[PDB]
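> any chance you can model this:
(chains A and B, ligands or ions: 3)
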Amino acid sequence: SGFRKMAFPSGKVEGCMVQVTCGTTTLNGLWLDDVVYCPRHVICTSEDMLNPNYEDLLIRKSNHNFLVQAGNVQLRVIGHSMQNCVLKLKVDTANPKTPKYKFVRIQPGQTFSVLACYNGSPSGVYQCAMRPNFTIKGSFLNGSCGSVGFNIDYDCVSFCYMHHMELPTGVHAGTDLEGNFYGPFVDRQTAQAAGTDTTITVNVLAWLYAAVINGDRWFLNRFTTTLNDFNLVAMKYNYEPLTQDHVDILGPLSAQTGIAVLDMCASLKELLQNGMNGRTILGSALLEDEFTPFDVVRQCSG
Amino acid sequence: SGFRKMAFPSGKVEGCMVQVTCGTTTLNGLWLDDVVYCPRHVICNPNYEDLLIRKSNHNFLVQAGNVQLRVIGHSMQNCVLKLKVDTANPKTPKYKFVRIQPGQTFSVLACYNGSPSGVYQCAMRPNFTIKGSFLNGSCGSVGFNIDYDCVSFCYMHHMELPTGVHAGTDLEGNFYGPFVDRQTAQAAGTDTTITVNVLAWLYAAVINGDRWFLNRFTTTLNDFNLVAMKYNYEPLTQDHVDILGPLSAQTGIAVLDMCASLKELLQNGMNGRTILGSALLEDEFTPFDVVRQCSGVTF
Ligand SMILES: CC(C)(C)Oc1ccncc1NC(=O)Cc1cccc(Cl)c1
Ligand SMILES: CC(C)(C)Oc1ccncc1NC(=O)Cc1cccc(Cl)c1
Ligand SMILES: [Cl-]
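Numbering: from 1, shown residues only, chains lettered A, B, ... in the order given. Ligands and ions are numbered 1, 2, ... in the order given. Dropping the coordinates below:
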């Protein structure tokens, strides 16, 4: 019993964190096999940030300009290349702590653990979701760039995010491990704003099923809804549209609890209309949207 | 910017988790140097001295990854079983066994079959329970804090109470709370809110730009505690005020000034507003956690 926001154990990722320095700039790198991945903006001088020409800035650099530190050991950079917004620093030592890994690009609504790092040293681990507006509501200070987001499936680490910048609203933007930004963001100091964020509907429904699995049924009602009527209502509360894919994905949780997806949708519509009335669901006074259907099954079953 | 419920990096603890099997029961053990610590109920009105005397070393199957460890001795210390093994854990970190106070927070590395499954941050409630997330097989999972490179083990999971909350011991086997490791009628006492932690979280909200709850008012420690008693909040002591000093100095809001904001929040509610994305007052961040997260300390 119980339902917590749970991160993956970070050990496999901790043994990959290194410090990358270029000039006055220091940030984090991810050391996998003989390559260190880090944000390409490590080569920028802040005066470059408004309109940096990364290709022009990178061509002027040599391997010895990049200082990579893994613990108290300095690694030797033997090559460098840029892939989208990530810098790939070839090093002369393969990381003996390299876990079984994959680079995965996630969709909005997906969750992952973030190992926040400063100077190549892990400071903390927390759980995040890729917002529908492609930002993440993280906890990052200056020096956290290059910290990564991941999931662990069996003993394989799926790296899905690398931190690049903080937007003016306090939300965070980054890329997958191939350097492709999530969202319409660029690694430039130009005027950029996150789009209007919306609630991850499928995740709220998954969390309502988690509440039912844990014995909370107060919010259930005798109603059902069509998918279209649900979407017309949910859109008015800035909730993401619920698709047939989401309905299918919720099937296992519907079967386990005996509450049809459209029946749970009717409960959600009522919660949006009434609020909670001084009550809580799984210890929360707000509807939680950073638990996916997969997270609910994993945490409530194994 | 941002404020998250953050756990310590779990790596140093992951390299200590092993599976312990005795009879039909499988749970988790903590392998430090040549000893595996686990709940004594793995041998199960239980007379644990009598149950333990009937067990030989080879009855305890300890598995560290895909390697079976050989148990060369066994002894009980309070509610923890100490299984001496032939091999010292090469991954043993710098560690201490520490007993924490209610209100103190720690990270839990939830484990099943000696394999870490997740890490979450929680607090020792004033009623000595933890609102954790544990299923069958999670017993022996541990709670810890990390200071510099030293892991302070402070909790070992033993059982779930009927209300879904959890109970366990320190690493010396002493229960937190008036609990016993036996299938019997046990209930968690009435819980209260950790006041010093709510204040720390309000300072974290101010540091992150949320100030709507602030007011011009101040209060006395006695008047605040009279209000705190009414809302099932733990008494705030002069020690708590002193501990909040650094946050008070950084934000410019005196501790009793923040107390008057908290009193108004308790008597009037949030009124449709939120603080750090929460509609409830959060009490599972200590003043140290707020400073550590809003400064970026590393391990
Ligand atoms: C508080 C402050 C300085 C923004 O530091 C941060 C806080 C949290 N996460 C990241 C940073 N740093 C950056 O965003 C550096 C940067 C600036 C412009 C463009 C880019 Cl791509 C990167
Ligand atoms: C759901 C269920 C079976 C309680 O499993 C749990 C769920 C979460 N954390 C632990 C457990 N198991 C136990 O509590 C086993 C147990 C039973 C009686 C006495 C003791 Cl000391 C231990
Ligand atoms: Cl995805």
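
> quick one: secondary structure of residue A:188?
Three-state assignment for residue A:188 (DSSP: H, G, I helix; E, B strand; the rest coil): coil.

> the one 5 residues further on now?
Reduced to three states with three-state DSSP, the structure at residue A:193 is coil.

> check contacts around it.
With contact taken as CB atoms under 8 Å, 6 or more residues apart in numbering or on different chains, residue A:193 is in contact with A:167, A:168, A:169. Bear in mind the C-beta positions are built from the backbone N, C-alpha and C, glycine included.

> skipping its backbone neighbours, what lies nearest the second one in space?
Think residue A:168. In space, residue A:168 comes closest to residue A:193 once its chain neighbours are excluded; the distance is 6.8 Å by CB to CB, 6 or more residues apart in numbering or on different chains.

> look at residue A:297 and give its secondary structure.
Classified using three-state DSSP, residue A:297 is helix.

> list the contacts of it.
By CB under 8 Å, 6+ apart, the contact set of residue A:297 is A:252, A:253.

> how close does the residue nearest to residue A:168 get to residue B:2?
Going from residue A:193 to residue B:2 by CB to CB, to the nearest Å gives 17 Å.

> and for residue A:106?
Distance, residue A:106 to residue B:2, using CB to CB: 19 Å.

> coming back round to it: now the buried members of the contacts of residue A:193.
residue A:167 (16 or more other CB atoms under 10 Å in any protein chain shown).

> isn't residue A:184 up against residue A:134?
Yes - assessed by CB atoms under 8 Å, residue A:184 is found in contact with residue A:134 at 7.4 Å.

> now the strands for chain A?
Using DSSP state E, the strands of chain A run over residues A:17-22, A:25-32, A:35-39, A:66-70, A:73-75, A:77-83, A:86-91, A:100-103, A:111-118, A:121-129, A:148-153, A:156-166, A:172-175.

> could I get those strands as CSV with mean neighbour count?
Compiled in CSV, the strands of chain A are given as follows (neighbours: other CB atoms under 10 Å in any protein chain shown):
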stretch, mean neighbour count
strand A:17-22, 24
strand A:25-32, 24
strand A:35-39, 24
strand A:66-70, 19
strand A:73-75, 14
strand A:77-83, 15
strand A:86-91, 21
strand A:100-103, 15
strand A:111-118, 26
strand A:121-129, 24
strand A:148-153, 23
strand A:156-166, 22
strand A:172-175, 27
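
> where does the stretch 51-200 of chain A get nearest to ligand 2, residue-wise?
residue A:127 (20.3 Å; CB to the nearest ligand atom).

> so who does that residue touch?
By CB under 8 Å, 6+ apart, the contact set of residue A:127 is A:5, A:6, A:7, A:111, A:112, A:113, A:114, A:290, B:4.

> list the contacts of the second one.
Under the criterion of CB under 8 Å, 6+ apart, the neighbours of residue A:6 are A:127, A:295, A:299, B:110, B:118, B:119, B:120, B:133.

> now residue A:151
Listed by CB under 8 Å, 6+ apart, the contact partners of residue A:151 are A:8, A:104, A:111, A:112, A:113, A:157, A:158, A:160.

> one more: residue A:230?
So residue A:230 contacts A:242, A:262, A:265, A:266, A:268, A:269 (CB under 8 Å, 6+ apart).

> at 10 Å what do you get?
Listed by CB atoms under 10 Å, 6 or more residues apart in numbering or on different chains, the contact set of residue A:230 reads A:201, A:205, A:224, A:239, A:241-242, A:247, A:261-262, A:264-266, A:268-269.

> any of these buried? List them.
A:201, A:205, A:239, A:241-242, A:247, A:261-262, A:264-266, A:268-269.

> out of those, the closest to ligand 3 would be?
Nearest to ligand 3 among those, counting by CB to the ion, is residue A:201 at 15.6 Å.

> same list (the strands of chain A) but as a markdown table, adding distance to ligand 3.
A markdown table is the format used below for these (distance: least, CB to the ion, whole Å):
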| stretch | distance to ligand 3 |
| --- | --- |
| strand A:17-22 | 24 |
| strand A:25-32 | 20 |
| strand A:35-39 | 20 |
| strand A:66-70 | 30 |
| strand A:73-75 | 32 |
| strand A:77-83 | 21 |
| strand A:86-91 | 19 |
| strand A:100-103 | 12 |
| strand A:111-118 | 9 |
| strand A:121-129 | 11 |
| strand A:148-153 | 9 |
| strand A:156-166 | 8 |
| strand A:172-175 | 15 |
